[PDB]
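Colleague: Chains as they are written, first to last, in PDB author numbering: chain C, 52 to 73, 79 to 99, 108 to 296, 314 to 418, 430 to 506; chain D, 52 to 73, 79 to 99, 108 to 296, 314 to 418, 430 to 506; chain E, 52 to 73, 79 to 99, 108 to 296, 314 to 418, 430 to 506; chain A, 52 to 73, 79 to 99, 108 to 296, 314 to 418, 430 to 506. Don't be surprised by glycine CBs; every beta carbon is placed ideally from N, CA and C. Quick one: the structure is below, questions incoming.
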């Protein structure tokens, strides 16, 4: 016999609506959307004892969050880079870890990468180009091709003049003494390079693992298709393409070059030896992979089997664990059919990484989820406080609206 | 009366969250995502006896897996090919089974095939072109046309100069003494050529079944539409197209040729005789068909009706069997409206197989599935171990995040 | 108290997984995917009596089937056609029913039709063009326009020189003494011409019902827009368009022609008189309409209210009736923005029927369906046999994988 | 204890399948798909008394219906129009309500409208152009622009020479003494002009409400951008555009014109005065809005709380009320990136209304719905009769296949 004191007991199963939009006077500041809402939406619901009152907990979780958000570390990625070329002491270049940041905004796939190899170009124009770096030693440069296709193993070059533009998977492209870090960050699932043994902190794809990859050097089709004029062969690889930038082709064998990619080194490399055995190749998951969204009602809902009845932004008794309602769509890219991302328009390695045929992008579907019956505090107060917390128990500042219908009902006696 | 010892019994139905993200200190290495997670997320849940405690088991299965992955054999396909042309002993070409591998990466349809007939071109440039193969005898070459359309049965040729570019279904195109194998592999459902009596190991579409197919030879429209000049007919089929490569037109009847396709031989052939009666023609299913994902909680959940309470990466008591959450989308291809895949740009048979109008591609939908009530170990330990295993009982190394809410509740007494 | 004999009774609700992938040794041949799978997946489950054991039956039905498949009659359609022109006896053309077949393959909309009026062109080039048919009397020719738009009822012609290319609904286009049959077939729902009183076998849209339709004859805009030169009107309809083919314009009124379409005759015709009153106009449903997929477990599941406990590929006790998991998608066609289908490029009636703006195509969604509780044989054997049968009780040879979790539980006593 | 008489009682919950495809011998004619199907699919199910047998009623409702169908009045719309110009008696034009009809066929958005202002062009060429109407007085003409944008309120014209082509919402465009009617019809939701107080029969948007709207007259940019030649202003509006048709610009103020649209008059007009206060502006809903589909089993299912146990095509005891399974999709139109709809290619008002960026179109999803438990006749006969009726209790002649699994089970005793 649920009661409300002096409003006629409406016994047996009822409902109560932890609404949100309304009473927006005493929960300003203390807000975001870990709100403290009210019931009795007129202008202490003592449940009937002698019955362990349970409650169904439907909800609505219309979230709102870009795929690149400095809340959950996603717009940062520590990347090494050649800072100084031929310093005075020790005639040898110098490397210093830089920590990059790219703008926020719910970005599609082929733009996030196309933004990555623009960030690690600014910290080349900023602190680097003024010293000695000669624009061919940019270092790390995210790309998304498979450089070794037209590679006939009679000459070991790449015959069709230029690398192929059909983008397969994204991948890193390094240089002697570089590399990236993705721990203390998470712009890896977006790249889709997540690591076997995915725990064990540390993820540093630096050019001591990638070797064995080594993208091949392009063949000078301005000689191959020009020497046959003299015949009707000079399979000389290219180093100085227009706007002369040496591809850093290693000198002991000029049929190869540096820029030892991460792909190829996970394909044309060596299993249980090369970059295999701790690097997978999952899909270009843009929606940050995923995160839980630990729902929480410190009152009304009793507690899970073993939670600390505490008071803090964290340590709330979690009740219900949806997903972060972000469904990654996928649209058939059309651009496949002068700029600022494609800075170098001749360097066949540094050119803009062509867009993958299936451009993915995050979304926001209002997950009208559900949670099974679960016990009630048997004495709901006139004021409750919903709260939406991620993994690391911070209150999610991107939820746009939550509800939380609650249908009480009996479960047992006494 | 569920208890936790000295934390006040919260009797009747509760919930317990086999989370994953967190305690990432004693399950490194022993990880992937057949993790060993913990409850009591503060910083031995003895269930109440006298009641066979059951439990609902919702879950979340945000997977992450490309459609071409050497985990489940999918990037390999044993294919025969003409290795040596006119060897010294026995003046007759030689055939030797090769075993191919194509790069990983969540590939769309018209690129996987467009990659197949690039792999079996490398092992022509590698070990083959140096000996005697004259580029017209590539052997197997995956395609996706229906060569016999403009085939007016008064001359039995193919009138409109060239084969038609409207891609219907993918299909194989062979040569006297070739063929493919797809057992010990699975790049067949992707081709959509799965075999009647789909068990019974062995699937070898070699050119002793395809005959009766035999794509027709193109008519020399440079004579038909040139002899009428002399008239206002010479229906002479073509053998030497620009960059002279003989279509291997069989000599006893020059109105036909070799390259006996697999299509046509499942259409313009013979029922209960030709390639019919053990080859279907299912849709170009790219998502590897499908696989189960045997969920498993060796503790908490008792066991199925008859499982071995064992200890091993395999033999776990399976509980719940979702699908591999890979929903194959389908986008209206646009390319229908110099390269490296289209190596030969004149050979009307070897040209790049035009893309099907509906390009399909795999995806990854987070399957928030469900499983009915099922008994509990009646004494959950403080540490559980979720685990996600495929068919062949290996732990799936591509799952990206799993959860597994568990709502206990009574089922009976004693 | 469910038992398994000498493996400790795991009393109360359990589960049992009629898996499929595995034991692939004694169900080869006897396969397709009406398999005979096993439980006890270690390497006679006597349920507890005194309780009418019921069972939930979830399942997974990852099918795999093109929209044009000679299994369910869909790639055939008996079509009449003018075989002989002016035979010796009785100076009058002769008509003989032909039975056509088009290739298989999961075909989109505007290609199936574009294949239809290619089949009934081969059996014009094959047996027909050699006799007397003069290419303007092809007979039936599937199309998808609405020929009577620019038809100003002051002259009753079609002013804008040519018929309009905006494709509305598909429709048939006949000729004096032709017609089609679609019984003993089903390529009608794909055309979307299904018949009122859809039972009552027989569906023959022959040119004795279509009359009253009669597409209008085009106006010679090479005279209308040329006589005003002589003025600044000769509304003479056209008969001989380039490559002279008479539109078969009937001689008593030259402001009309033959080719009496099926559309127009279901629009600009006569209700309760013309083709109305037994022909609808449903959507261009490509997914063969739909079919049931009678699930069946001859053991485990008792039987429906009144089934014959028989033994045969048919007569299985059906349990659960999903749909054929084929969801017809719909993509905005792009081609709207020399060939072989568009054989005649001048004949304004015989030209390639322009593609509808919304191209539909079949798909294959893995229908993770459900079925309510239903009784159990109370003595499951160690070996069961799932089986998937269509309407006409044949075992579907296109299912690619089935599962069938079964969660037993009590329903009553005794 | 459910029985079947002499086939062994299969007591407790069973199932029974009101299938459809099969017994197609005694339900021809009496068909459509309000069929009369049979159970006992071998070749009087007395349920057990002493228990008010209830039954779950799942179903399948694979419908099939175009968005323009003369079944539910949707292809008609009474529209007034200027029939006679300057008749003999009373030198003043004459108006007479016409009743239009457009062809059927599941039509997309920007074609239905593009068909509307083609119907009300035929009944201008038919009965109208022969008398006196001078093609500039077509009257009603459906459009989808917002004519007043480049309307700088210093001259009150429309500066950018021509109206803007970015289509916003569809809208009507009238003329002194015209208007439309949409009662006794329903091609309004498709236009998206549904009326506040949506009951109260009558919906006549005639040019006595639209005034205050009055689209503005275009500025002669052949003078404005030509008088500055004489200067380096003559803001003279245009009346005679090429192929001279006066825009019916009202003479007292030549900075305006007639063709008083419906948009603008619901925007740049007057709230609680103009077309506001009884006209909304809902989305361009193409799927006829929606309709119920009153399921009905005159036997098996008892009756609702208060239905007439009658016998008629109507008055069936309704059981279950799904939706008409028509899900309106939405595709990004591409045409935004000589004809017959765009008859007048110069008249800036009469030109083809540019297509909205989001082209919507109906579909047909097989709604595998559900209905809660509901009582059974406790004596099912061997022959039942499913039936699918719309609002006005006619049997829907567009359903393509229905099923209707029925799972009986107890609800109470006696």
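#1: From what residue to what residue does the alpha helix (DSSP H) around residue 121 of chain A run?
#2: So that I know if they touch, is there some Cβ in chain E lying closer than 9 Å to that of residue 111 of chain D?
#3: Whether or not the region 315 to 332 of chain D and the region 351 to 369 of chain D are in contact is what I'm after, with contact meaning three or more pairs of Cβ atoms, one per stretch, closer than 8 Å; do they touch?
#4: Assign residue 216 of chain C to one of three DSSP states: helix, strand, or coil.
#5: Is it buried or exposed, residue 63 of chain D, if we count other Cβ atoms within 10 angstroms and call 16 or more buried?
#6: Pull the bridge partners of residue 146 of chain D from the DSSP assignment, please.
#7: In the DSSP assignment, what residue or residues form a beta bridge with residue 321 of chain C?
#8: Within its chain, find whatever has a CB closer than 7 Å to the CB of residue 132 of chain C; leave out the 5 residues flanking it on each side and keep chain order.
#9: What do you get for residue 258 of chain E, buried or exposed, if any count of 16 or more other CB atoms within 10 angstroms of its CB means buried?
#10: Let me check one thing: in DSSP terms, what residues is residue 382 of chain D bridge-paired to?
#11: Let me check understanding here. Comparing Cα to Cα, which of D:289, D:98 and D:268 lies closest to residue 359 of chain D?
#12: Between the alpha carbons of residue 285 of chain A and residue 320 of chain A, how many angstroms are there, rounded?
#13: Show which residues of chain D have a CB atom less than 7 Å away from the CB atom of residue 131 of chain C.
#14: What residue does the alpha helix (DSSP H) around residue 498 of chain D start on, and which one ends it?
#15: When you compare only the Cα positions, how much space is there between residue 189 of chain C and residue 323 of chain C?
#16: If contacts are defined as beta-carbon pairs under 8 Å, then residue 144 of chain E and residue 243 of chain E qualify, I think. What distance do you get, rounded to the angstrom?
#17: Measure the Cβ-Cβ separation of residue 91 of chain C and residue 459 of chain C and say whether it is below 9 Å.
#18: Excluding the 5 residues flanking residue 352 of chain E on each side, which residues of the same chain have their C-beta closer than 8 Å to its C-beta?
#19: Please list, in chain order, the residues of the region 456 to 467 of chain D that have any C-beta partner in chain E closer than 7 Å.
#20: Beta carbon of residue 117 of chain C, beta carbon of residue 385 of chain C: below 9 Å?
#21: Quick one: grab the DSSP three-state call for residue 293 of chain E.
#22: Using only CA atoms, which one of D:154, D:79 and D:109 lies nearest to residue 59 of chain D?
#23: I need the straight-line Cα distance from residue 158 of chain E to residue 349 of chain D, nearest angstrom please.
#24: Along the chain, where does the alpha helix (DSSP H) containing residue 188 of chain D start, and where does it finish?
#25: Taking Cβ positions only, does residue 163 of chain D come closer than 9 Å to chain E?
#26: Would DSSP call residue 494 of chain D helix, strand or coil?
#27: Exposed or buried, what is residue 292 of chain D when buried is set at 16 or more other beta-carbons lying within 10 Å of its beta-carbon?
#28: In or out: residue 161 of chain A buried (at least 16 other Cβ within 10 Å) or exposed?
#29: When the Cα of residue 391 of chain E is compared with those of A:98, A:67 and A:68, which residue comes out closest?
#30: Taking the continuous beta strand (DSSP E) assigned at residue 236 of chain D, which residues delimit it?
#31: For residue 402 of chain D, go through chain F and note every residue whose CB falls closer than 7 Å to its CB, in chain order.
#32: Might you give, ordered along the chain, the residues of its own chain that have their beta carbon closer than 6 Å to the beta carbon of residue 173 of chain A, omitting 5 neighbours on each side?
#33: Please confirm whether any heavy atom of the ligand GDP lies closer than 8 Å to the CB of residue 52 of chain E.
#34: Unbroken beta strand (DSSP E) runs of length 3 or more, entirely within the region 359 to 406 of chain A: which are they?
#35: Name the residue from A:202, A:463 and A:214 whose alpha carbon lies nearest to the alpha carbon of residue 376 of chain A.
#36: With DSSP collapsed to three states, give me the class of residue 354 of chain A.
Modeller: Once the coordinates are examined:
#1: Not the alpha helix (DSSP H): residue 121 of chain A falls in the beta strand (DSSP E), residues 118 to 121.
#2: No, residue 111 of chain D does not count as interfacial toward chain E.
#3: Note that the region 351 to 369 of chain D does not touch the region 315 to 332 of chain D; fewer than 3 beta-carbon pairs, one per stretch, sit closer than 8 Å.
#4: Here DSSP, grouped into helix, strand and coil, assigns residue 216 of chain C to coil.
#5: Answer is buried; the Cβ neighbour count reaches 16.
#6: Answer by DSSP bridge pairing, in chain order: D:159.
#7: Looking at the DSSP assignment, residue 321 of chain C forms a beta bridge with C:327.
#8: Within the same chain, residue 132 of chain C has close Cβ partners 138, 139, 166, 168, 169, 171 and 176.
#9: Using a 10 angstroms sphere on the CB of residue 258 of chain E, the tally of other CB atoms reaches 16 or more, which defines it as buried.
#10: Residue 382 of chain D is bridged to D:468.
#11: Residue D:268 is the option with its Cα nearest to residue 359 of chain D.
#12: Taking the straight line from one Cα to the other gives about 13 Å.
#13: Simply none; closest approach about 15 Å.
#14: Membership of residue 498 of chain D in any alpha helix (DSSP H) is not indicated; the residue belongs instead to the beta strand (DSSP E) covering 497 to 501.
#15: Their Cα atoms are separated by approximately 21 Å.
#16: Residue 144 of chain E to residue 243 of chain E, Cβ: 5 Å. Contact.
#17: No. Outside cutoff.
#18: Spatial neighbours of residue 352 of chain E in its own chain (CB-CB distance under 8 Å, excluding positions within 5 residues in sequence) are listed in chain order as 358.
#19: Listed by position, the residues of the region 456 to 467 of chain D near chain E (Cβ gap below 7 Å) are 464, 465, 466 and 467.
#20: Contact: no.
#21: In the three-state reduction of the DSSP assignment, residue 293 of chain E falls in the helix class, which pools H, G and I.
#22: Among D:154, D:79 and D:109, the Cα nearest to that of residue 59 of chain D is on D:109.
#23: Their backbone Cα atoms lie some 28 Å apart in a straight line.
#24: Going by DSSP, residue 188 of chain D is part of the alpha helix (DSSP H) stretching over 173 to 189.
#25: No, residue 163 of chain D does not count as interfacial toward chain E.
#26: DSSP places residue 494 of chain D in strand when its eight states are reduced to three.
#27: Residue 292 of chain D should be labelled exposed.
#28: By the Cβ-count criterion, residue 161 of chain A is exposed, with fewer than 16 other Cβ atoms from all chains shown falling within 10 Å of its own Cβ.
#29: Taking only the C-alpha atoms, the option nearest residue 391 of chain E is A:98.
#30: DSSP places residue 236 of chain D outside any beta strand (DSSP E), giving it a letter other than H or E.
#31: Among the protein chains of the structure shown, namely C, D, E and A, there is no chain F.
#32: Taken in chain order, the residues that qualify are 365, 367, 451 and 452.
#33: Of ligands this structure carries none, so the ligand GDP is not represented either.
#34: Within the region 359 to 406 of chain A, the complete beta strand (DSSP E) runs of at least 3 residues are 373 to 377 and 399 to 404.
#35: Among A:202, A:463 and A:214, the Cα nearest to that of residue 376 of chain A is on A:463.
#36: Correct three-state label for residue 354 of chain A: coil.
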